[PDB]
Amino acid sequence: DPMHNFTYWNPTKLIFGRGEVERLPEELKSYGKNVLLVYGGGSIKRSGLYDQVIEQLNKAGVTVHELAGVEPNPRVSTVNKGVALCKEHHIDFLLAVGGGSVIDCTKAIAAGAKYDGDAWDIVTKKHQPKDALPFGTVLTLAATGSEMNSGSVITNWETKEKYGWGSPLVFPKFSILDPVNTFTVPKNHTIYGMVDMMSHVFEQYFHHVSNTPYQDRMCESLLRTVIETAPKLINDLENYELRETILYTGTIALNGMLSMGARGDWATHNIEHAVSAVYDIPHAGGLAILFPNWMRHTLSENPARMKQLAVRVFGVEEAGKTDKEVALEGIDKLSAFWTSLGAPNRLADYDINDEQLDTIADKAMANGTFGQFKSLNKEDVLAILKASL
């Protein structure tokens, strides 16, 4: 079957290399002088990046106001605070300095700053953005690829909901990616980032078989590179080369260069979002737990996709085995690989038992059946949740 008709468009300027925070003045010159600096819980102050950014913004002659304390799984209360700061200070441009939570929050602020309503209306697709403030990023954690896409995931902590939204208007104008700026990412979140970029590859790879041989190999190649790099990096967290490789693969994993011509599945991500909506756990910690059990649950729909991963990525020999046997062996080896890094493999790792599984499944089903490789209903989610206990 022909690949799906597609449109690829990604206008983000990706700036990569050591010391490239010094590109900020040149990149800021064409935009207005009122800048909102958005950042998280303080790791950029301890790494020294905060003072470097402040120095560059001073050099750029801009008036700086700040939104500090964006939380992991950024909250819409934080977004609305940022929108208010944009209104209060008549902000022209936003600079996101942090991880995916900071970038995702900044996208929601940029769109929320052109909308006279609750920013949660944008997250829930009640209002489709027609304008947005421009923004850029300095990335401090390799994981989500948000530095080079137009998507954003926001939590409503009052309603215990976590949803992804997107807009062609909230691509970053530029993103500055220096491996040195990820050196202080702790081991646990270094592991999470690698789980996340691998999971993004899986999401884009699990589609019905069609004429995507080069896309398949780009996906398999990214997985092999991360698998080769991850054990070395976790034991050598200040290694420039190892951080560089993972920073690079994190961007390609979700900038759209892998998803041309094929609809991703994204069901495991939606289930994970429901778990993090209730318990606030790290996104990719939930992915490491859930993805292998989604793969087991959906295998009968077509074992051929997982079989190809099992053979090309996970070293399974297929001689004398059915496709289902090969695929199941591969899923075990994926789960073993993540566990060998120290990633969690059961919900009990986050002190999550079965008390709220019905609530979590309901939240996953809030928009009806979902998934493109297999359509999932409440019984399916529930089965995947129970297997992940």
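The first residue of the sequence shown is number 1, and the count goes up from there.
Which has higher Cα B-factors on average according to the PDB entry: 28 to 36 or 66 to 74?
Result: 28 to 36.
Tell me which of 236 to 244 and 199 to 207 has the higher mean C-alpha B-factor in the deposited entry.
The stretch with the larger average C-alpha B-factor is 236 to 244.
Among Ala284, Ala262, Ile154, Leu133, single out the one with the highest C-alpha B factor in the record, please.
Out of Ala284, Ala262, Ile154, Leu133, the record gives the largest C-alpha B-factor to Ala262.
Highest Cα temperature factor in the entry, among the options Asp178, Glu158, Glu147, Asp216: which one is it?
So the option with the highest C-alpha B-factor is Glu158.
Which third of the chain does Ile360 land in by C-alpha B-factor: lowest, middle or highest?
As the PDB entry reports it, the C-alpha B-factor of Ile360 lands in the highest third of its chain.
Mind checking which third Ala277 falls in for C-alpha B-factor across the chain?
CA B-factor rank for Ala277: middle third.
Please say which third, lowest, middle or highest, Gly100 falls into when its CA temperature factor is compared across its chain.
Lowest third - that is where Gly100 ends up once the chain's C-alpha B-factors are sorted.
If you rank the chain by CA B-factor, which third does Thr184 end up in: lowest, middle or highest?
Middle third, going by the recorded CA B-factors of the chain.
Cα B factor band for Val79 (lowest, middle or highest third within the chain)
Middle third, going by the recorded CA B-factors of the chain.
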